[PDB]
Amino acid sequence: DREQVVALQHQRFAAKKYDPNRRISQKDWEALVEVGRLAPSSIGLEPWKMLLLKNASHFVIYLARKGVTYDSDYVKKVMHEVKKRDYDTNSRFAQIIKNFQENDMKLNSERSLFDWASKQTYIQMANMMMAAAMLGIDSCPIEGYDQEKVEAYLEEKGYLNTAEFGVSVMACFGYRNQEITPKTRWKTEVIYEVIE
């Protein structure tokens, strides 16, 4: 019920202290990765790839694809292989994607295109954290790293092709070893308004 739904939003908090002797089970972790696999994305393009840093219980680096444009190899690939659509750059549909990105959304630079794909990964990460809370597992979203040094690092180890992907965001997962931090938020009237 709605009481339970709201309660879960308090259970989900940014856990900073983790129980080093309790790990997420193999099966629970596979379910959370599945949650990430099944996340929605704009135009269904899934412009992402997740890395588990095995080398908290589990640490995920979310990658977002670069240059995901109507005429890109990746878009043609996902449309054929996943969507089973006979996609080509001169179709009405390709042209709808082109207008949507270039004009509707002003995705006119490499950075704006990358940040657009990165937004989709925030859905993917959010869904995982919320599913983790449903399983009684804690998480913390993580932006606090130097993106240039991290990407140099990953590229050096051979786990990032910087032409194709950039690092988007990270999250860790495990079991908390601290109390649930009470929420502090703006009051409803400040962050929500009805138009007429």
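From 1 onward, residues are counted along the sequence shown.
- Coordinates are absent for 10 or more residues of the deposited sequence placed between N55 and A56.
- Higher mean CA temperature factor between 139 to 147 and 160 to 168: 160 to 168, per the PDB entry.
- The stretch 84 to 92 shows the higher mean C-alpha B-factor when 84 to 92 is compared against 99 to 107 in the entry.
- When the C-alpha B-factors of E34, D28, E155, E46 are ranked from the entry, the top spot goes to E155.
- Per the deposited record, the Cα B-factor of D73 falls in the middle third when ranked against the other modelled residues of its chain.
- The entry lists a Cα temperature factor for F173 that places it in the lowest third of the chain's modelled residues.
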